[PDB]
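The next block holds one structure in the form of structure tokens; read it before the comments.
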There are 2 protein chains.
Amino acid sequence: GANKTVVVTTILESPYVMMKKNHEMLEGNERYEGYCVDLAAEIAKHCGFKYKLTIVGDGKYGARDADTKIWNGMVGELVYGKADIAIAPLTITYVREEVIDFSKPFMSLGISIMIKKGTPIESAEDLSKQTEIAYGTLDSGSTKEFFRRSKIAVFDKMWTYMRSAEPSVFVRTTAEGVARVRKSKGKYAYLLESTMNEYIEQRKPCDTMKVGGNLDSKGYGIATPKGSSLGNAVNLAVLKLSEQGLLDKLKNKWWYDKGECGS
Amino acid sequence: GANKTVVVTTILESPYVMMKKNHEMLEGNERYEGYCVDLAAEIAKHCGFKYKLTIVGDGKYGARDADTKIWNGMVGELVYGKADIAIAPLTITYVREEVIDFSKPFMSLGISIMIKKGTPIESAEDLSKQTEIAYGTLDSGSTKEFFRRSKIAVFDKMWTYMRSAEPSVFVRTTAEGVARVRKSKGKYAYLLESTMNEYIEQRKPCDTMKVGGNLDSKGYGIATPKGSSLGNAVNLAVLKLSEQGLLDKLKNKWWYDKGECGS
Ligand SMILES: O=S1(=O)NCN(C2CC2)c2ccc(O)cc21
Ligand SMILES: O=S1(=O)NCN(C2CC2)c2ccc(O)cc21
Ligand SMILES: N[C@@H](CCC(=O)O)C(=O)O
Ligand SMILES: N[C@@H](CCC(=O)O)C(=O)O
Ligand SMILES: [Cl-]
Ligand SMILES: [Cl-]
Ligand SMILES: [Cl-]
């Protein structure tokens with residue numbers, strides 16, 4: 001048929017997608033800025049489509065309900081035909097790859113530990129061997145599923161603690177996890193992706209830091225409904241931008257060029 | 001060969017694929033050992049196929065002849081139907097993605113610099129600003145094509161030197177590049193992938209090292225002919241091995257430090 005505007009689902013997560021100054025008087029794509037906003041423009045240019053950025057209604061990345069088997073979040077938007085493509089920090093996983101298509105990765109990450117500066121923790125092993133410092137993850141995302149599914153001893157032990165901790169150690173947004181670290185005087189550590197960890201490390205008031213190596217190795221991919229014709233072009237577009245060095249420049253732009261914690 | 005046997009093309013490259021001690025009295029797949037040999041056994045187990053490891057005839061990774069547009073190396077064996085799958089340190093690239101299918105990556109790497117210890121080079125920009133130290137890459141692989149195609153200023157400069165330098169700064173195998181670094185009294189630096197660089201750095205005679213950050217970011221993927229029915233299962237197998245932590249275990253095994261260098 002005729003060309004249609006591509007519906008892009010994404011999520012309000014700094015610095016991938018953020019509300020612009022003066023958004024209250026702006027409309028459409030102009031309301032937003034950030035890494036994924038820039039990336040969407042580049043992909044659309046190379047692929048020759050027009051698009052509309054739409055923030056996912058429930059504010060979630062995507063998990064499948066154990067009983068109803070219904071997908072929520074951005075994954076759900078794709079699975080149920082509400083969006084044509086997701087351009088977001090959406091982690092490539094086995095269970096997701098089974099139900100949606102992913103491009104080759106446009107950014108790499110690993111699960112990591114965020115602490116308030118001075119917290120006596122240097123590794124996940126350290127966390128699992130004490131009880132004074134609480135720790136948790138984001139809901140409805142790939143980090144929580146990693147711990148839940150892990151057969152690796154240290155991570156299984158961490159999940160056994162987190163799943164039953166009271167009050168809840170899980171948070172609904174990355175921002176909530178960051179606040180909890182910042183406000184708990186070193187008694188909360190947050191498990192999150194190294195990308196978001198490194199970003200927060202560069203923001204005022206510069207009171208957090210990433211410690212230890214990453215617990216795993218994966219990446220974000222641009223996602224489409226299974227078998228979507230958009231897939232092939234978008235995938236080549238990611239590899240081209242990668243080869244051209246544009247993805248490296250975009251990360252530098254949003255993470256470090258305007259970092260708030262010094263040069 | 002035998003019916004229902006998957007033909008695997010691979011390449012002799014330590015520690016991915018190596019001839020076992022006393023291989024001359026062994027036969028078939030048992031002649032070989034290494035990271036990729038272990039990976040092939042794991043992939044074949046998950047996907048349920050029997051397979052035959054074959055070393056690529058011309059000992060090359062894969063490039064397209066500018067004149068004849070003919071692909072050589074492992075890429076060629078996939079394109080012209082000599083093999084069903086490549087399980088090897090074969091780099092995901094834009095130009096290759098256009099002609100073959102790649103799994104999601106099973107290992108990450110970047111282009112990196114290998115120098116003789118003591119060499120006064122700390123970066124790619126350093127190499128480009130001087131002319132006493134020669135430098136080159138492997139023929140018929142992705143590192144050479146990267147420099148040839150690059151519009152990034154420093155890399156374009158390096159390519160302008162390398163393509164015309166004489167005697168040829170290019171080498172036929174990784175071992176030959178490493179040997180040249182070791183014998184040139186510091187007057188040759190080798191551009192190779194960080195994985196191989198890191199492997200060599202830990203082996204006797206302990207006289208090489210990796211310097212600077214990586215020049216780019218990419219990975220190896222398991223490759224199949226375009227539209228192969230094997231693609232989907234192999235891809236899911238890679239993500240499953242990744243999430244089980246088996247790719248990390250395999251890396252730790254074949255990059256295991258026995259302390260040939262230092263403590
Ligand atoms: O999630 S993935 O596509 N497969 C697993 N791996 C690691 C290398 C094995 C990575 C690594 C980096 C990346 O950007 C994406 C992936
Ligand atoms: O070659 S790729 O599939 N696309 C480009 N990128 C980098 C993150 C943008 C990576 C990174 C790591 C990896 O293992 C594979 C790839
Ligand atoms: N990027 C993750 C969300 C963040 C996290 O789980 O730590 C996902 O796609 O689910
Ligand atoms: N992994 C490379 C070969 C080594 C190199 O080019 O440095 C390829 O697939 O072409
Ligand atoms: Cl429309
Ligand atoms: Cl021998
Ligand atoms: Cl010329």
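Taking 4.7 Å between beta carbons as the limit, the unpaired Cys residues of chain B are B:36, B:47. Under 15 Å from a label point set 7 Å out along the Cα-to-Cβ vector of residue B:244, the amide N atoms of region B:34-70 belong to B:38-49.
Distances between copies at residue B:253, taken between label points 7 Å from Cα along the C-beta direction, are 4.3 nm in increasing order. Here is how far apart the residue B:173 label points are across copies: 5.8 nm, shortest first, using a point 7 Å from Cα toward Cβ.
Only bridges with both residues in region A:1-74 count here: give the DSSP antiparallel percent, nearest 5.
Bridges in region A:1-74 that DSSP calls antiparallel: roughly 40 percent.
If we count other beta carbons within 10 Å of each Cβ, what is the order of A:164, B:217, B:184, A:103, fewest first?
A:164, B:184, B:217, A:103
Take residue A:233, move 7 Å from Cα toward the beta carbon, and the resulting point lies 3.3 nm from the same point in each other copy, nearest first.
In this structure the amide hydrogen of residue B:107, modeled in the peptide plane, comes within under 5 Å of the amide hydrogens of B:220, none closer than 5 places in sequence on its chain. For region B:1-54, applying the loop criterion from DSSP together with a ceiling of 13 other beta carbons within 10 Å to the GluC sites (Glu not before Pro) yields B:27.
Give the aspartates and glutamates reachable from residue B:151 as a straight Cα distance under 19 Å; neighbours fewer than 8 places away on the same chain don't count. Those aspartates and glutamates meeting the cut-off are A:42, A:243, A:248, B:125, B:126, B:216. Among A:199, A:16, A:190, the largest mean-square fluctuation in a Gaussian network model of chain A (Cα springs under 10 Å) belongs to A:199. Here the simple spin-label model places points 7 Å from the Cα toward Cβ, and for residue B:232 and residue A:130 these points are separated by 4.9 nm. Quick one: what are the phi-derived ³J(HN,Hα) couplings along region B:103-114, Karplus 6.51/-1.76/1.60 with θ = phi - 60°, whole Hz, x for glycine and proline? After applying 6.51 cos²θ - 1.76 cosθ + 1.60, I find 5, 4, x, 9, 7, 9, 8, x, 5, 9, 10, 9 Hz. Applying a DSSP loop filter and a limit of 16 other Cβ atoms within 10 Å to the GluC sites (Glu not before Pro) in region B:112-158 leaves B:122, B:132. Listed from fewest to most Cβ neighbours within 10 Å, the set B:246, B:127 follows the order B:246, B:127.
Region B:101-149 and region B:36-70 have Cα centres separated by 24 Å. For residue A:116, the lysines whose Cα falls under 19 Å of its own Cα, not counting residues fewer than eight places away in the same chain, are A:129, A:183, A:185, A:187, A:204, A:210.
The trypsin sites (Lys or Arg not before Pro) of region A:33-73 that DSSP puts in a loop, and whose beta carbon has at most 12 other beta carbons within 10 Å, are A:50, A:69. Rounded to the nearest 20, the size of the Cβ-charge dipole of region A:110-218 about its Cα centre is 260 debye, with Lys and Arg at +1 and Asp and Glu at -1. Here the dipole of the protein assembly as shown is about 200 debye; that uses its Cα centre as origin and unit charges on the Cβ of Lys and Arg (positive) and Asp and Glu (negative).
A Gaussian network model of chain B, with springs between Cα atoms under 10 Å, assigns the largest mean-square fluctuation among B:57, B:245, B:76 to B:245.
Against the 2.2 N^0.38 Å scaling, with N counting residues, where does region B:110-218 land? I'd like the Cα-based Rg ratio to two decimal places.
Rg over 2.2 N^0.38 Å, computed on Cα atoms: 0.95.
Does region B:162-263 come out rounded, prolate or oblate, given a ≥ b ≥ c as the square roots of the eigenvalues of its C-alpha gyration tensor, rounded meaning a/c under 1.5 and, failing that, prolate meaning a/b above b/c? Taking the square roots of the gyration eigenvalues as a ≥ b ≥ c, region B:162-263 is oblate.
Placing unit charges on the Cβ atoms only, positive for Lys and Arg and negative for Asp and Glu, gives chain A a dipole magnitude near 200 debye about its Cα centre.
Separation of region B:152-168 from region B:179-250 is 23 Å, based on Cα centroids.
For the protein assembly as shown, adding -39500 (n - 2.57) for each run of n ≥ 4 DSSP H residues and dividing by the number of residues yields -9500 deg cm²/dmol at 222 nm.
Full extension of the chain segment joining residue A:204 with residue A:182 gains 6.8 nm, where the gain is 0.36 nm per residue of separation less the Cα-Cα distance. The phi-based Karplus calculation (6.51 cos²θ - 1.76 cosθ + 1.60; θ = phi - 60°) puts the 3J(HN,Hα) values of region A:2-15 at 5, 4, 10, 5, 6, 8, 9, 8, 8, 9, 7, 9, 6, x Hz, whole numbers, x for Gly and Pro. Set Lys and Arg Cβ to +1 and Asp and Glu Cβ to -1, take the dipole of the protein assembly as shown about its Cα centre, and tell me which of A:247, B:140, B:213 lies farthest positive. Sorting the options by dipole projection puts first B:213. What would the Debye equation give as log₁₀ I(q)/I(0) for the protein assembly as shown at q = 0.09, 0.12, 0.13 Å⁻¹, counting only Cα atoms as equal point scatterers? Calculated log10 I(q)/I(0) at the listed q: -0.72, -1.29, -1.47. Between residue B:253 and residue B:5, the FRET efficiency estimated from the beta carbon spacing at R0 = 25 angstrom works out to 0.40. Stretching residue A:66 away from residue A:19 to a fully extended chain increases their span by 13.6 nm, per 0.36 nm per residue minus the current alpha-carbon distance.
All of the numbers you see were taken from the coordinates with simple rules; none came from a lab. Every residue, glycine among them, receives a Cβ derived from its backbone with ideal geometry; neighbour counts consider all protein chains shown.
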